[PDB]
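Below you'll find the structure, written out as structure tokens, and then a few comments.
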Amino acid sequence: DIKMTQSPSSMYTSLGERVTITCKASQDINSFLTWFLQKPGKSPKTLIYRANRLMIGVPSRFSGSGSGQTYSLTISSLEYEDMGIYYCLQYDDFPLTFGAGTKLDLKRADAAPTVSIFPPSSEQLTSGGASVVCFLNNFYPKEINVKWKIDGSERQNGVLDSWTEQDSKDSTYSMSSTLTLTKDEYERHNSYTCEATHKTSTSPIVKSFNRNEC
Amino acid sequence: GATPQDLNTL
Amino acid sequence: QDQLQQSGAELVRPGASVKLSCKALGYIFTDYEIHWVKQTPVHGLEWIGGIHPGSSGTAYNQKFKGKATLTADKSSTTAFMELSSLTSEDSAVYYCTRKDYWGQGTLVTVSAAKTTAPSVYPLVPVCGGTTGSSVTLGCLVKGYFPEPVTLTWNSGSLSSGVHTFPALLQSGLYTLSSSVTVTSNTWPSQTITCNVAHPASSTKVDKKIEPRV
């Protein structure tokens, strides 16, 4: 199995900047390498093949290079349409293997998340279930840690986390956090707490409520 | 646009 | 030169089989290998194997040898991939590729789930009723199958400040959620309604967000 080591693994770039992505192969692959790009919910589009051949229809920004073991893809001036994940593919020998991918993000000034906590709805509570929801939305960068606390102690199961992708105008991300318990365990405790850790702070960002009504 | 130089070995 | 065209999204039960198809168009079908690749959030992109429709020669990844069967039909210029004994680990997007060209991919979902209408819950602000400039409302859509679901706010009229988080699996069924931020005056004097529709089960639910007593 030839191993491909793609780097870097995620980059924070600007529109109009010149980008360079690399692939090292564990042995020599004789220029049998492709470079392809995949957008969210979309099939791969190959950009370049045999190391440096442009594919019909690809802007001439894109340009491939290398020989032996170290390959490169350069994007001379980043355009919004270029945002996605980039991969290299070695097809020198079987099995075919791929790099792990390189994710491009538009950089921006750092923003702290704006947090909201939502107690269960009456309607959910009238059916045995209790879901506690927490929205951490509009923040940057994407790195965020969320911990849930019932009456002072960490609860690790029943949590559901969902991320949005970078947003097209203001460049922030967002996440949803749902803690699901039964009515009975929900009704057995009082103080529910959402704890969010992010670069923009030292002390975590905390949101809570009390079921006897805070 | 590319030929069986997509390294056809099969 | 032209392209690859894949068969439609498949929904199978554990322990069954699927046959996926990949139609080659606009090029000499017998001069190029067709390869099958699997993509999952967990493992990333993995090669299954490939066929050479000219010579009939095939090659497989040792991990799919015994599970995946590759065949080609020259008269219809269609390559096929058969997958037997399916489990939830085979749930993925499958792609045929010429190495330079890619088909669009087929989604195979392995599940026992039965079609089930979603439950929709209105998420009202927490009591206290903050004195901020804005207010964030929310709407939680729980336990449906299959994906998809479309959710709107105020029938589509509300589009600013909305976030609809990708659905996720929870005990075999899907869960989705969404939030909207509106300024303080607005809610609650104006009414904000969450609209959910699930084509699969013929459901269409509307849910107004009333303040908490």
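Chains as they are written, first to last, in this note's numbering: chain A, 817 to 1030; chain B, 36 to 45; chain C, 16 to 228. Where a beta carbon is used, it is the ideal one built from N, C-alpha and C, also for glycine.
Is there a Cβ from chain A that is less than 8 Å from the Cβ of residue i?
i: residue 106 of chain C; result: no
i: residue 168 of chain C; result: no
i: residue 50 of chain C; result: yes
i: residue 181 of chain C; result: yes
i: residue 190 of chain C; result: yes
i: residue 155 of chain C; result: yes
Since residue i contacts residue j with CB under 8 Å, what's their CB separation in whole angstroms?
i: residue 51 of chain C; j: residue 911 of chain A; result: Going by Cβ atoms, the distance from residue 51 of chain C to residue 911 of chain A rounds to 12 Å, so no, they are not a contact pair.
i: residue 930 of chain A; j: residue 954 of chain A; result: 6 Å
i: residue 37 of chain B; j: residue 924 of chain A; result: Going by Cβ atoms, the distance from residue 37 of chain B to residue 924 of chain A rounds to 39 Å, so no, they are not a contact pair.
i: residue 192 of chain C; j: residue 949 of chain A; result: 7 Å
i: residue 838 of chain A; j: residue 887 of chain A; result: 7 Å
Does the beta carbon of residue i come closer than 8 Å to any beta carbon on chain B?
i: residue 74 of chain C; result: yes
i: residue 113 of chain C; result: yes
i: residue 65 of chain C; result: yes
i: residue 908 of chain A; result: yes
i: residue 896 of chain A; result: no
With distances taken between CB atoms, is the gap from residue i to residue j smaller than 8 Å?
i: residue 903 of chain A; j: residue 60 of chain C; result: yes
i: residue 936 of chain A; j: residue 947 of chain A; result: yes
i: residue 66 of chain C; j: residue 85 of chain C; result: yes
i: residue 901 of chain A; j: residue 854 of chain A; result: yes
i: residue 49 of chain C; j: residue 94 of chain C; result: yes
i: residue 45 of chain C; j: residue 89 of chain C; result: yes
i: residue 906 of chain A; j: residue 849 of chain A; result: yes
i: residue 882 of chain A; j: residue 822 of chain A; result: no
i: residue 995 of chain A; j: residue 974 of chain A; result: yes
i: residue 189 of chain C; j: residue 41 of chain B; result: no
i: residue 197 of chain C; j: residue 139 of chain C; result: no
i: residue 852 of chain A; j: residue 862 of chain A; result: yes
i: residue 153 of chain C; j: residue 1025 of chain A; result: no
i: residue 211 of chain C; j: residue 163 of chain C; result: no
i: residue 96 of chain C; j: residue 109 of chain C; result: yes
i: residue 989 of chain A; j: residue 980 of chain A; result: yes
i: residue 847 of chain A; j: residue 866 of chain A; result: yes
i: residue 894 of chain A; j: residue 831 of chain A; result: yes
i: residue 828 of chain A; j: residue 898 of chain A; result: no
i: residue 21 of chain C; j: residue 121 of chain C; result: yes
i: residue 992 of chain A; j: residue 160 of chain C; result: no
i: residue 1003 of chain A; j: residue 136 of chain C; result: no
Starting from the beta carbon of residue i, find every residue of chain A whose beta carbon is closer than 7 Å, and list them in chain order.
i: residue 178 of chain C; result: 953, 980, 990
i: residue 141 of chain C; result: 933, 934, 935, 1025
i: residue 151 of chain C; result: 932, 951
i: residue 194 of chain C; result: 951, 953
What residues from chain C crowd round residue i, counting only those whose CB sits closer than 7 Å?
i: residue 871 of chain A; result: 115
i: residue 939 of chain A; result: 136
i: residue 1020 of chain A; result: Within 7 Å Cβ-Cβ: nothing; residue 1020 of chain A doesn't reach chain C, min ~19 Å.
Could you tell me which residues DSSP pairs with residue i in its beta bridges?
i: residue 82 of chain C; result: None; residue 82 of chain C has no bridge partner.
i: residue 934 of chain A; result: A/949
i: residue 66 of chain C; result: C/49, C/73
i: residue 94 of chain C; result: C/37, C/87
i: residue 919 of chain A; result: A/826, A/901
i: residue 1012 of chain A; result: A/962, A/1021
i: residue 995 of chain A; result: A/948, A/975
i: residue 137 of chain C; result: C/154
i: residue 222 of chain C; result: C/209
i: residue 927 of chain A; result: A/956
i: residue 861 of chain A; result: A/853
i: residue 840 of chain A; result: A/821, A/886
i: residue 178 of chain C; result: C/194
Chain B partners of residue i, CB-CB under 8 Å?
i: residue 16 of chain C; result: 36
i: residue 47 of chain C; result: 39, 41, 43
i: residue 70 of chain C; result: 45
i: residue 865 of chain A; result: 37, 41
Could you list which residues in chain A have their beta carbon closer than 8 Å to that of residue i, in chain order?
i: residue 185 of chain C; result: 976, 996
i: residue 10 of chain C; result: The structure shown does not extend to residue 10 of chain C, since chain C is modelled only from 16 through 228, so no value can be given for it.
Please report whether the beta-carbon of residue i lies at a distance below 8 Å from any beta-carbon of chain C.
i: residue 893 of chain A; result: no
i: residue 949 of chain A; result: yes
i: residue 862 of chain A; result: yes
i: residue 929 of chain A; result: no
i: residue 1011 of chain A; result: no
i: residue 1029 of chain A; result: yes
i: residue 911 of chain A; result: yes
Using a C-beta to C-beta distance shorter than 7 Å, which residues of chain B count as neighbours of residue i?
i: residue 1031 of chain A; result: Residue 1031 of chain A falls outside the range modelled here, since chain A spans only 817 to 1030, and no answer is possible.
Can you pull the chain C residues whose beta carbon is under 8 Å from the beta carbon of residue i, in chain order?
i: residue 859 of chain A; result: 110, 117, 118, 119, 120
i: residue 903 of chain A; result: 60
Kindly list, in the order they appear in chain C, the residues whose Cβ is closer than 9 Å to that of residue i.
i: residue 1003 of chain A; result: Per Cβ cutoff of 9 Å: no residues; residue 1003 of chain A is ~17 Å from chain C at best.
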